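One chain comes next, on its own, written as structure tokens: the form deposited without this ligand.
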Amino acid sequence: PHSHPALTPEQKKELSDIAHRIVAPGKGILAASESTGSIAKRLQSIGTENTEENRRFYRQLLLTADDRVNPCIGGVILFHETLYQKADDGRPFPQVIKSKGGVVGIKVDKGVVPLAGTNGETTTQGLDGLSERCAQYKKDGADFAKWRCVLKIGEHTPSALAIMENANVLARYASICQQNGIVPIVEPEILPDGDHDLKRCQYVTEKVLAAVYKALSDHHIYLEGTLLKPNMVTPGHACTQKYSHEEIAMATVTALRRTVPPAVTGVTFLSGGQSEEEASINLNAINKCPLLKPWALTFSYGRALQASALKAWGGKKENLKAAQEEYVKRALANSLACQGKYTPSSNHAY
């Protein structure tokens, strides 16, 4: 085949530099790009009305936590709405994030859609006019993006079609992002839903990631200018057999070692509904795994970083401080976790 440089040396350096800053040692990502529809249940759990002002207040609360979170947060992913909101002092949220040493990210997909002929499987949309949207987001402060694809482990899933199609759409999204100076975070999430075990999850994860990277190669994606946001390898949420954190860490690191090229700048694990402690302990175990890991292994958590903060807030302004404290606690815990320094107090079998 013949080469037709998709990117210039300058464009590569920009993308690579951004990717490295986000996952710099001890740093991780705050995934706060929930939409009105997904954050609705969050707020209703604390009897708080889901208005634009309350969403703004809650996001301000997380974004303006004291400097203790600075060394822990390399990036913050915002939803469109939030990217254009301002703190009480009039400062745009992207500015608030940057001033704290964080890189600003933006969710760009437009949700999942049903794949006809499959057993409830989906693909993700959002490519239409994506280039122009990225150019605008870039001008408005964002340097990286989020696009979520969802795959499910079942009797006949994920199917060959679901894997191939989701891998392909992720490559398209990545290509467009890189053309506009936006570091794409590739997210092929395999849900923990089901009664499958650890080995089954490792197997599917390995097959999905191999497909993802072949697609990235086919689409001429610059890996140094990307990040990977995969599910950790864990047993199904309803799996009868139980496993230790060390087993989870081994399955996860092994799967990644067998599929993720060293060129990938970093891996930002999704929380996948895990609890704040569970997510921190597993990340720590992953970093302590005695196997060689050529990429940063950090976090990109949503509720695993917000759960306690949201609850402490309870929708009451006088609980601002108490709420931010909980967030700071999870940021500190996960910052230590991505270094294998967190303490709450035969690989051939894989």
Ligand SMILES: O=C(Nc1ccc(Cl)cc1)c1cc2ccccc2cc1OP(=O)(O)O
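A residue's number is simply how far along the shown sequence it sits, counting from 1.
Participant: So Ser345 and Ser346 are neighbours in the shown sequence, but is anything from the deposited sequence left out between them? Give the count as none, 1 to 3, 4 to 9, or 10 or more.
Facilitator: Unresolved stretch here: 10 or more residues.
Participant: Decide which of the stretches 189-197 and 257-265 has the higher mean C-alpha B-factor, going by the entry.
Facilitator: Per the PDB entry, the higher value belongs to 189-197.
Participant: Select between 35-43 and 306-314 the stretch whose C-alpha atoms have the higher average B-factor in the entry.
Facilitator: If you average the C-alpha B-factors of 35-43 and of 306-314, the larger mean comes out for 35-43.
Participant: Among the candidates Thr298, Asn282, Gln60, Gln324, give the one with the maximum CA B-factor reported in the record.
Facilitator: Out of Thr298, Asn282, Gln60, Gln324, the record gives the largest C-alpha B-factor to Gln324.
Participant: When you compare the CA B-factors of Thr124, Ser99, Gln179, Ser217 as listed in the entry, which one comes out on top?
Facilitator: Within the set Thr124, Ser99, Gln179, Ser217, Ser99 shows the top C-alpha B-factor.
Participant: Can you work out whether the C-alpha temperature factor of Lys152 puts it in the lowest, middle or highest third of the chain?
Facilitator: It falls in the middle third of the chain.
Participant: Could you say whether, by C-alpha temperature factor, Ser271 belongs to the lowest, middle or highest third of its chain?
Facilitator: Highest third.
Participant: Quick check for you: using the entry's CA B-factors within this chain, is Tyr84 in the lowest, middle or highest third?
Facilitator: It belongs to the middle third of the chain when residues are ordered by C-alpha B-factor.
Participant: Hey, what third does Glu165 fall into on Cα B-factor, ranked over its chain?
Facilitator: Lowest third, going by the recorded CA B-factors of the chain.
Participant: How does the C-alpha B factor of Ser335 compare with the rest of the chain: lowest, middle or highest third?
Facilitator: Middle third of the chain for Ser335's C-alpha B-factor.
Omitted here: the form solved in complex with this ligand. The next part is about that form.
Participant: So if I measure heavy atom distances to this ligand in the deposited bound form, which of the stretches 299-307, 64-72, 48-56, 315-323 falls within 4.5 Å?
Facilitator: After filtering at 4.5 Å, what remains is 299-307.
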